[PDB]
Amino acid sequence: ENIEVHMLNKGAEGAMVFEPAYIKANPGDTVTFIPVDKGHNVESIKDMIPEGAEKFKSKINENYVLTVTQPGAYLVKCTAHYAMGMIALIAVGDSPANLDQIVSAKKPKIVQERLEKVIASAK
């Protein structure tokens, strides 16, 4: 199945967001990132994707289709706006083994604040 995500300058949670920011999927699904506003892209964060998954980075303003294979949690960012909180959590399969690790990992405060909301207020 396919899940569409919009990359925006302003959305329900504030400035620079992915909508939705919480994506549930299964091995084999695709996630399509659509740059509704310009200046955005998607990139996997180091140490924040499952063991065995390949890292990825799309070009700015391009539509990007990510195929997810490995189960686990993935924290992705917009390269340009990571420090402004622009992230999404993907979640492949049930009880992703690396979720608690990603929540504990070092990252900007604003990012941590949004992650915590997406896990609570979206689960």
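For every residue, the number given is its place in the sequence shown, counted from 1.
**Student:** Per the entry, where is the mean C-alpha temperature factor higher: 52-60 or 85-93?
**Tutor:** Looking at the recorded C-alpha B-factors, 52-60 comes out higher on average.
**Student:** Tell me which of 72-80 and 23-31 has the higher mean C-alpha B-factor in the deposited entry.
**Tutor:** Between 23-31 and 72-80, it is 23-31 that shows the higher mean C-alpha B-factor.
**Student:** Relative to the other modelled residues in the chain, which third contains the C-alpha temperature factor of residue 115: lowest, middle or highest?
**Tutor:** Answer is middle: the recorded C-alpha B-factor places it there.
**Student:** According to the PDB entry, is the CA B factor of residue 5 in the bottom, middle or top third of its chain, that is, lowest, middle or highest?
**Tutor:** According to the entry, residue 5 has a C-alpha B-factor in the chain's lowest third.
**Student:** Considering only modelled residues of the same chain, in which third does the CA B-factor of residue 47 rank: lowest, middle or highest?
**Tutor:** Its C-alpha B-factor belongs to the highest third of this chain's values.
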